[PDB]
Structure formats: C-alpha cells, structure tokens
C-alpha cells in the first residue's frame, strides 16, 4: 500500500562487484554468479511487487604476496555490509511494509550470513518476520547444524571456522571470524546453505591448509568448483543447479509474500 512489496537483496562474491555498479542493473561483472539469480527475477516481476537490489561494493580480497593494489578482505567485507544494511534500512523507512529476500555468494555469502545472524537475533536492521528466507552460496562461515543444509552438501565447515585460531591471517588483512554468535537465530529455519563438494571455502578440512604454505593459502581463500556453481557437476538438487535451485526458491518465495 504505497511502494514495492518485497525487496530482494543479492550480494555478489569477490571480484563480482564494484562500488560504482548499478544496484538495479549489475553490468560491470556479467559473469557474476548472483546475476544468474537476480537478473531473471527483475524481468520476471513487476516493480510494484518486487525490487531486486544487488550491492555495489568493492568486493576485493587483497593478497600481500602479489603487489595487489586491492582493498583488504576485512574492509571490503566491512564496506559490503555497511552498503547493504543501509540499503535495507532506507527501504524500511520508506516502506515499513516491505518484506525481504536475501542471497549471497562467497564474500557476499558471508556478508549476507552475518546480516541474517543479526536479524535473527533481534539486532536489526529489520525485524525477523519481515525476512522471507535466506540462501548463502559458498559461505566461508558455514557450520553444520546452523541453518538449513540444502542439497548434496559436504559435511564440514567454512575456512573462517577451521582457521579461526590462525593469527597471521588477521594481521595480514583477512581475519577468519569464526562461528556466528547466536547462529541465524529465529531465521534458522529459513536460512539455506549450499556448498560444493570440493570447495575449500565452505568445506575446509584441517589438512587442507598450512602456515608453512601461506601464499597458496591466500590464493585458495581469495578464490574450478568455486568457478562452477552454474553447472550440475558437483552440486545438484533434484534436477537443477545451485543457481537454478536458488532462483526457483526465490521466484516462489516472492509469489507467496504478503500484499500490503
């Protein structure tokens, strides 16, 4: 009764956004994984019903071993969150009526997840009941048990869980932030986790990483499997890919949203 019913937040992964990109027409990184979900939604739904917003953020992951003129993973992640919650805050003040759908990939997935954690625990920026569902792809913070385990996921946890102790990483600009406090809270039943068999970001074994081997650790952390969530080669649920599934999921959620 005034403005767009439901806002869909899409957060791209590392090297798949810039602060300069169109929030409503992501264009700079055509290959961006989250575009395969957000674009189809935008054209399939009217402006009255659905607004799809993809976060324009730096989406970088500096590696000190190359001379990256990149932003550190820490701030980048930090910026991406500021940008997204402000987008969420504003749409809420303009439209206190509006419901939300949130989805993210790699870096975007840890940002999206951190947000779900907060909303789920009454920490804002929005009330729990206004979020329809969340889906995180290749979340470096994944823990088994917390959030819904969708598909042929490997049992395991994100690199930010298994490398939580490791101190150098933090000093080096990319802190492994460990488990999310209070989990996804009241959102735990609606927050979905997708992770590819062999993806070291969201399925990290102790044996995979070494301190004696830090360049290769940062490469791995910064970003085939990772490349290919839009094929049914490693993860497929009931006939579709991680992209096709999470589209279907949202397309359907938007239909069922309430009409103010």
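Residue numbers count along the first chain shown, from 1.
According to the record, the deposited sequence contains 4 to 9 residues between residue 223 and residue 224 that were left without coordinates. The question of which stretch, 85 to 93 or 102 to 110, has the higher mean Cα B factor is settled in favour of 85 to 93. For residue 239, the recorded CA temperature factor ranks within the highest third of the chain's modelled residues. When the modelled residues of the chain are ordered by their C-alpha B factor, residue 37 lands in the middle third. Annotation for residue 68: CA B-factor lies in the middle third of the chain's modelled residues. Ranked within its chain, residue 77 lands in the lowest third, by CA B factor from the PDB record. In the PDB entry, a CA B factor belonging to the highest third of its chain's modelled residues is recorded for residue 123.
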